[PDB]
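A short worksheet on the structure shown next.
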Amino acid sequence: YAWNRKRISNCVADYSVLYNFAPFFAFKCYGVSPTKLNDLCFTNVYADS
Amino acid sequence: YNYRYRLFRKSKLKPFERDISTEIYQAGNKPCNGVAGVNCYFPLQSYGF
């Protein structure tokens, strides 16, 4: 309910760290395949968690 | 929902080209076994009629 709106900007993304977690963890995506954001850029990222 | 369209493919289809290959694009060592999740996305989707 008080979800943290963590900002992600001015830094570089490391989606290769998104793996190695517990097996068969849900990894859904909408609007883009998860493996394409390495070749895509954005103004900001919200790391709500 | 009888009509279904091929949502995803490894490469773009050529002009006037038909592809009925239903082989899954397994991006990892995990076998899909029909499970939607990590490295496993179904290439076909039913029409939202």
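So you can find residues: chains in the structure tokens are A, B, ... in the order shown, residues in each start at 1, and ligands are numbered from 1 in order.
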
task = Find the residues of chain B in contact range of chain A, meaning any atom within 10 Å when counting only C-alpha atoms, and list them as a ChimeraX atom specification.
result = /B:27,30,35-39,41

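The shell of residues at most 12 Å from residue 10 of chain B, with only C-alpha atoms counted and near chain neighbours (fewer than 2 positions) removed, consists of residues 33 of chain A; 6, 7, 8, 12, 13, 19, 21, 22, 23, 24, 25, 26, 27, 41, 42 and 43 of chain B.
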
Write the selection just made, keeping N, CA, C and O atoms, as a short mmCIF file (atom, residue, chain, number, x, y, z; two decimals), in the first residue's frame?
```cif
data_model
loop_
_atom_site.label_atom_id
_atom_site.label_comp_id
_atom_site.auth_asym_id
_atom_site.auth_seq_id
_atom_site.Cartn_x
_atom_site.Cartn_y
_atom_site.Cartn_z
N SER A 33 9.54 -7.59 -25.08
CA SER A 33 10.16 -8.81 -24.58
C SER A 33 11.23 -8.46 -23.55
O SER A 33 11.91 -7.44 -23.69
N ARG B 6 -0.53 -16.13 -35.15
CA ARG B 6 0.82 -16.37 -34.66
C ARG B 6 1.38 -15.06 -34.12
O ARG B 6 1.73 -14.16 -34.89
N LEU B 7 1.47 -14.95 -32.80
CA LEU B 7 1.87 -13.69 -32.18
C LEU B 7 3.37 -13.44 -32.33
O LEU B 7 3.78 -12.32 -32.62
N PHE B 8 4.19 -14.47 -32.14
CA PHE B 8 5.63 -14.30 -32.04
C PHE B 8 6.36 -15.28 -32.95
O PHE B 8 5.91 -16.41 -33.15
N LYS B 12 11.37 -12.07 -38.66
CA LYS B 12 10.25 -11.50 -39.40
C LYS B 12 9.92 -12.35 -40.62
O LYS B 12 10.81 -12.88 -41.29
N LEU B 13 8.63 -12.47 -40.92
CA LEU B 13 8.20 -13.23 -42.08
C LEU B 13 8.51 -12.47 -43.37
O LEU B 13 8.38 -11.25 -43.43
N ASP B 19 4.25 -19.57 -42.75
CA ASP B 19 5.02 -20.40 -41.83
C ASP B 19 4.06 -21.05 -40.84
O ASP B 19 3.37 -20.35 -40.10
N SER B 21 5.31 -23.59 -38.78
CA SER B 21 6.17 -24.26 -37.81
C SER B 21 5.82 -23.79 -36.41
O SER B 21 5.92 -22.59 -36.10
N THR B 22 5.41 -24.72 -35.55
CA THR B 22 4.97 -24.41 -34.20
C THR B 22 6.05 -24.70 -33.16
O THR B 22 5.74 -24.78 -31.96
N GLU B 23 7.30 -24.87 -33.59
CA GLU B 23 8.38 -25.12 -32.65
C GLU B 23 8.56 -23.92 -31.72
O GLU B 23 8.60 -22.77 -32.16
N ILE B 24 8.67 -24.20 -30.42
CA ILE B 24 8.80 -23.15 -29.42
C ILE B 24 10.21 -22.59 -29.45
O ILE B 24 11.17 -23.28 -29.82
N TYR B 25 10.35 -21.32 -29.08
CA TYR B 25 11.65 -20.65 -29.00
C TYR B 25 12.10 -20.69 -27.55
O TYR B 25 11.85 -19.77 -26.77
N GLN B 26 12.77 -21.78 -27.18
CA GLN B 26 13.25 -21.96 -25.81
C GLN B 26 14.56 -21.19 -25.65
O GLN B 26 15.59 -21.57 -26.22
N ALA B 27 14.52 -20.10 -24.88
CA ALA B 27 15.68 -19.25 -24.70
C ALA B 27 16.61 -19.72 -23.59
O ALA B 27 17.63 -19.07 -23.34
N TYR B 41 7.63 -18.67 -24.27
CA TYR B 41 6.46 -17.91 -24.69
C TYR B 41 5.81 -18.61 -25.88
O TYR B 41 6.50 -18.95 -26.85
N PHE B 42 4.51 -18.83 -25.80
CA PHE B 42 3.80 -19.52 -26.87
C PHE B 42 3.73 -18.62 -28.10
O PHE B 42 3.45 -17.43 -27.98
N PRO B 43 3.97 -19.16 -29.30
CA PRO B 43 3.96 -18.32 -30.51
C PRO B 43 2.58 -18.06 -31.09
O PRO B 43 2.47 -17.29 -32.04
#
```

request  = Just the helix (DSSP H, G or I) stuff from chain A, please, per backbone DSSP, written as a VMD selection string.
outcome  = chain A and resid 15 to 18 37 to 39

Could you write those residues out with N, CA and C atoms, as a compact mmCIF listing (two decimals), in the first residue's frame?
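Done, and the output landed in result20.txt:
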```txt
# COMPACT_ATOMS: atom_id res chain seq x y z
N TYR A 15 20.12 -6.06 -16.76
CA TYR A 15 19.08 -7.09 -16.76
C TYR A 15 19.63 -8.50 -16.59
N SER A 16 20.92 -8.72 -16.87
CA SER A 16 21.51 -10.03 -16.63
C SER A 16 21.49 -10.42 -15.16
N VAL A 17 21.28 -9.46 -14.26
CA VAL A 17 21.16 -9.79 -12.84
C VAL A 17 19.75 -10.25 -12.48
N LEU A 18 18.78 -10.07 -13.38
CA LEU A 18 17.40 -10.45 -13.08
C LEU A 18 17.22 -11.96 -12.92
N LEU A 37 15.18 -4.96 -23.77
CA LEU A 37 15.46 -3.70 -23.09
C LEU A 37 16.94 -3.37 -23.07
N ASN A 38 17.81 -4.35 -23.32
CA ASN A 38 19.23 -4.05 -23.46
C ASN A 38 19.50 -3.14 -24.65
N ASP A 39 18.69 -3.26 -25.70
CA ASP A 39 18.82 -2.43 -26.89
C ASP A 39 17.83 -1.27 -26.91
```

ask   = Can you tell me, as a ChimeraX atom specification, what residues are no more than 12 Å from residue 3 of chain A when counting only C-alpha atoms, ignoring any on the same chain fewer than 3 positions away?
value = /A:6,46-49

For the residues in that selection, give me C-alpha atoms as a CSV table (one decimal), in the first residue's frame.
```csv
chain,number,residue,atom,x,y,z
A,6,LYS,CA,12.2,4.0,-6.4
A,46,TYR,CA,10.1,3.2,-11.8
A,47,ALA,CA,11.4,0.3,-9.7
A,48,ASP,CA,8.3,-0.2,-7.6
A,49,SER,CA,8.8,-3.1,-5.3
```

message = I'd like to know which residues of chain A are strand (DSSP E) (by DSSP, run on the backbone); could you write them as a PyMOL selection string?
response = chain A and resi 7-8+45-46

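By chain and then residue number, the residues within 10 Å of residue 8 of chain A are residues 5, 6, 10, 11, 12, 13, 43, 44, 45, 46 and 47 of chain A, counting only C-alpha atoms and disregarding those fewer than 2 positions away in sequence.
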
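You will find atom CA of residue 20 of chain B at 18.4 Å from atom CA of residue 40 of chain B.
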